[PDB]
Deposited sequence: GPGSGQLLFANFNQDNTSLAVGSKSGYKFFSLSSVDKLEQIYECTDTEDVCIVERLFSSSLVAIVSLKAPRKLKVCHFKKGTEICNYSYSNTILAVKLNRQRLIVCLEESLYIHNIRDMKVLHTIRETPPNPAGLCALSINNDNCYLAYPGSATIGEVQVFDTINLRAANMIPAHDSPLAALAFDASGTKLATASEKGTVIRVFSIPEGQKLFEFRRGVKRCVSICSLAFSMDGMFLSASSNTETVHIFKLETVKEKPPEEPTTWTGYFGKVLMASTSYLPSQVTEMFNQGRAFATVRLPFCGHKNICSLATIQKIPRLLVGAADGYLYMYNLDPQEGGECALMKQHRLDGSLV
């Protein structure tokens, strides 16, 4: 069942691609565009539906469909389970950084100390979040969690996970939130709503609007993935359509790409590989698509490579 995929995501600095499947999970290096080098495979746990690495360390958090309320934290190179924790409901998302691990359930969020896996704080009776929409800053210094503060209005709760206290709620959109992403610094948050007309960027924790990008004329769209380049200069927005928009944070999309496959959610990231900025798109057809961004002039980006997410050649 290595070809029956359940999950794909990038690690915090876009150096690793993780893919979960019925047979287990795999990691791939993103140091080259010409090959997608497998660096690890584990089949000890089947039906892997969440797999989250900590940068390029050996720590991985895993969830299986066979036990969907159970989080396993492992040392993947030693092949050992370090600990596990079971929750009252299905785990919808797991996020981590070097200080904290967050588990999102439909009506609660658990904030763990990643140094000892103790629960430091639980956010209870949240607006129901069956999609598991949330974001966690990857930065060592600005350690914020963002999640929906209403299920009917696009309010963002911003929570400091070191001090264990809220920042200001951001009334980001009238309609409900569809996507959230922090930049690599943790000092900016990108948001989009179900309406999908604009992508907004707010300062964190002050909540001041810094940028507003017209995705385009208003239309039926579900924005699914927002991603910043590591230097914060570019922001990509993808959806269930074929167009990925790349915006440039300066003062019409700066660049666009047309995917060969659409109709479903995808995941994107902006990563510099071999000195060229790239857009990476993981799609529901089982491919990773790799495009080159021209950071000076933008425009239509060329497809350079596609690779099978299941590791096939």
Fill in the blank from the handout: The deposited sequence goes unmodelled at 1 to 2, 254 to 291, 354
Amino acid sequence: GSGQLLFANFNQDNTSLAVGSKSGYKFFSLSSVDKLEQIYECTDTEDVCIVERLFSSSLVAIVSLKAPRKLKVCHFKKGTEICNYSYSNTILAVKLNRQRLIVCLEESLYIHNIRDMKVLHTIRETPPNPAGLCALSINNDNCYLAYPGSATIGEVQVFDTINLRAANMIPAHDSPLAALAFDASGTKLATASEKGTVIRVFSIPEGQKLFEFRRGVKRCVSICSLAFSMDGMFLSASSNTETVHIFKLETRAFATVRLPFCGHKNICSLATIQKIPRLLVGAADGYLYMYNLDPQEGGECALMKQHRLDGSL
From here on, numbers count along this sequence of modelled residues.
Problem - Segment of higher mean CA temperature factor, 283 to 291 or 24 to 32 - result: 283 to 291
Fill in the blank from the handout: Entry B factor averaged over C-alpha atoms, 178 to 186 against 89 to 97: higher for 178 to 186
Exercise for the section: Would you mind finding, among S225, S229, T122, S222, the residue with the largest C-alpha temperature factor in the entry? Expected result: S222
Handout entry: Per the PDB entry, maximal CA B factor within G196, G132, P205, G149
Key = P205
Practice task
Grab the CA temperature factor for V51 from the record and place it in the lowest, middle or highest third of its chain.
Solution key: lowest
Exercise for the section: For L65, return the chain-relative third of its C-alpha B-factor as stated in the PDB record: lowest, middle or highest. Expected result: middle
Handout entry: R200 - Cα temperature factor, lowest/middle/highest third of chain
Key = middle
Handout entry: For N140, the third of its chain into which the C-alpha B factor falls
Key = highest
Fill in the blank from the handout: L313: C-alpha B-factor third of its chain, per the entry, is the highest
